[PDB]
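First comes the structure, then the notes that go with it.
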Amino acid sequence: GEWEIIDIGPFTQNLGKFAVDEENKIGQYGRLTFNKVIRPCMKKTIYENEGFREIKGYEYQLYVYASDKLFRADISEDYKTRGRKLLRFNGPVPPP
């Protein structure tokens, strides 16, 4: 909840897939063949309102493999809409 790693599995796969699908739909790096997602796959709750503060959503920073090229995707989830979206797709970047 507070900067924690999530279980890689169908859930994470789906979000990484969605990230690649969005990226592919834009065509910014043409059309890549999503493979999987691997660590790190870190999530944090996202607030807004300020001052008083209020929960608004979450963010997910994960390393997605597509066409055997590893990219970092940052995804948002807005609580109220209850919908995710790609914040950014950086890379290719090698693992440490």
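With ideal geometry, Cβ positions are generated from the backbone for all residues, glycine too; neighbour counts draw on all protein chains shown. Quick note: the coordinates plus some simple rules give every number you see, no bench work behind them.
One residue is enough: does the stretch 23-39 have a residue meeting the conditions surrounded by 15 or more Cβ atoms within 10 Å (Cβ to Cβ), assigned to a helix (DSSP H, G or I) and of a type in the set (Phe, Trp, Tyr)? Among the residues of the stretch 23-39, not one is surrounded by 15 or more Cβ atoms within 10 Å (Cβ to Cβ), assigned to a helix (DSSP H, G or I) and of a type in the set (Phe, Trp, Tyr), which makes the answer no. Give the residue that is farthest from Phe71 (Cα to Cα), with candidates limited to residues of the stretch 1-20 that are among the small types (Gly, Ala, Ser) and more than 12 Å from the chain's Cα centre (by Cα). Per the criteria, the residue is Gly1. Taking residues in the stretch 72-96 that are over 25 Å from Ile55 (Cβ atoms) and without any contact (Cβ under 8 Å) to a residue 40 or more places away in the chain, and partners anywhere that are among the aromatic types (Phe, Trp, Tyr) and in a strand (DSSP E or B), the pairs with Cβ atoms closer than 9 Å and at least 6 places apart or on different chains are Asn90/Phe71; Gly91/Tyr63; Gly91/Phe71; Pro92/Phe71; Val93/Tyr63; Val93/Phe71. A count restricted to the stretch 61-82 and to residues that are at positive phi and not polar (S, T, N, Q) stands at 2. Just checking, does the stretch 66-77 include any residue being over 26 Å from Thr33 (Cβ atoms), surrounded by 14 or more Cβ atoms within 10 Å (Cβ to Cβ) and of a type in the set (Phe, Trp, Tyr)? No: the stretch 66-77 contains no residue that is over 26 Å from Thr33 (Cβ atoms), surrounded by 14 or more Cβ atoms within 10 Å (Cβ to Cβ) and of a type in the set (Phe, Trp, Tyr).
None of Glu23, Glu54, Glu50 is more than 11 Å from the chain's Cα centre (by Cα) and touching a residue at least 60 places away in the same chain (Cβ under 8 Å) except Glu23. Do we find a residue being surrounded by 15 or more Cβ atoms within 10 Å (Cβ to Cβ), touching a residue at least 12 places away in the same chain (Cβ under 8 Å) and more than 22 Å from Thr81 (Cβ to Cβ) anywhere in the stretch 1-8? For the stretch 1-8, residues surrounded by 15 or more Cβ atoms within 10 Å (Cβ to Cβ), touching a residue at least 12 places away in the same chain (Cβ under 8 Å) and more than 22 Å from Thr81 (Cβ to Cβ): present.
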